[PDB]
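We begin with a single chain expressed as structure tokens, specifically the form deposited without the named molecule.
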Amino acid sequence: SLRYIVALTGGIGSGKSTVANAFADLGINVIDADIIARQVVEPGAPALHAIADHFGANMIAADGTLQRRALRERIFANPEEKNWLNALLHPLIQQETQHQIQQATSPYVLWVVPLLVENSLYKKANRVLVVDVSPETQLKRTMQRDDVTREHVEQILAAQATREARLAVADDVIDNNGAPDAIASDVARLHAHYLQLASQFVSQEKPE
């Protein structure tokens, strides 16, 4: 069957997981790109044999599991390897993402993709939701969470797509500048629309 996909994105410290949990509370299955990336290298996964062949047998632990810290460290000391690893994992991530979307039974699925704009992944979504906050909020919340400097978070902000680049591809925008609670009402309104879009998209003769 065809699943209706709502992608969710936002920059660092915007509240992507916070908003995703509110949809999950309403019964929506959430597919998270970062969890999918960890799953393709789990014990017994196909990518593990390729990784051992490329980086060395010692990239694998005693029980057959990936020495994740050792891999992260090896790629940081060999920049070209980062690209080699992403190229190997990409198709596997695409397949696993599709598998999880097909396996979700909620009316529509919420696909949380931090790199949605950077990687042009909005092309694979039926609807795009952006959780938006000011840059100051991004900085303050990340600083509090990780106990890091303003400068450290600014560097991440400058590496990510801009706020305006995310807004330019959004169908809907949810504000998360307020406190942890205006989110429920806004999520409920969006959810009610998503249920309608999902119930009608397969037969919808004309565009919106």
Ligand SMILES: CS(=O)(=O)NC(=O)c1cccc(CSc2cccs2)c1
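Residue numbers here begin at 1 and follow the sequence given. By rigid core we mean the largest C-alpha set that fits within 1.5 Å across both forms.
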query	finding
Mean C-alpha B-factor comparison - 66-74 and 52-60, higher one	66-74
Which of 30-38 and 174-182 has higher mean CA B factor, as the PDB entry lists it	174-182
Peak C-alpha temperature factor (PDB record), options 80, 132, 96, 118	80
Top Cα B factor in the deposited entry, candidates 109, 112, 125, 85	85
Lowest, middle or highest third - CA B-factor, residue 168	middle
Entry-reported Cα temperature factor of residue 149, expressed as the chain third it lands in	highest
Among modelled residues of the same chain, the CA temperature factor third for residue 162	lowest
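The form solved in complex with the named molecule exists for this protein as well; it is not shown, and the discussion that follows is about that form.
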query	finding
Joint contact, 90, 119 and 124 to the named molecule in the entry with it bound, by non-hydrogen atom at 4.5 Å	yes
Answer range among 29-37, 46-54, 166-174, 62-70 for contact with the named molecule, defined in the entry with it bound as heavy atoms within 4.5 Å	29-37
Proximity of residue 113 to the named molecule in the entry with it bound, heavy atoms at 4.5 Å	yes
Touches the named molecule in the entry with it bound: residue 101 (any heavy atom, 4.5 Å)	yes
Contact label in the entry with it bound: residue 94 to the named molecule, heavy atom within 4.5 Å	yes
Residue among 121, 93, 101, 75 with C-alpha shift of 2 Å or more between this form and the one not shown, core superposed	75
Rigid-core frame, C-alpha of residue 58, shift of 2 angstroms or more between this form and the one not shown	yes
Shift of residue 157 between this form and the one not shown at or above 2 Å (CA, core fit)	no
Post core alignment: residue 27 C-alpha displaced by 2 Å or more between this form and the one not shown	no
Cα separation of residue 115 and residue 68 in the entry with it bound versus here, shift of 3 Å or more	closer
Cα-Cα shift for residue 73 and residue 118, closer or farther in the entry with it bound, minimum 3 Å	closer
